[PDB]
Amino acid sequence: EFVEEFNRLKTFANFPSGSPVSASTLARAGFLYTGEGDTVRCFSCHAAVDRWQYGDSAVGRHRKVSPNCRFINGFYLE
């Protein structure tokens, strides 16, 4: 259901314009938008990450936060 990138990106409906990190970048990293702030949450491991900054890596932060997530370890790559 959220295994496809595009379905995740449809959660970024009201995502703060001018977030240092874009909704695409975050959708690619496996993240859904919570609808609050710039707070997102990974669809597989359910970890949330907010407070995005210039030069952040969506993938990097996601791994840092949850290094054993099924998605970022490629277990969803079709």
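The term rigid core refers to the most C-alpha atoms you can superpose between the two forms while keeping them within 1.5 Å. In case it trips you up, residue 1 is the first one in the sequence shown, and so on.
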**Asked** Following superposition on the rigid core, is the mean squared CA displacement, expressed as RMS, greater for 17-25 or for 55-63 in 5 other deposited structures of this protein?
**Response** 17-25
**Complete:** Going by the entry, of stretches 55-63 and 11-19 the one with greater average Cα B-factor is 11-19
**Fill in**
The stretch whose C-alpha atoms carry the larger average B-factor in the entry, 46-54 or 30-38, is 30-38
**Prompt:** Compared with the other modelled residues in the chain, in which third is the CA B-factor of residue 24?
**Reply:** middle
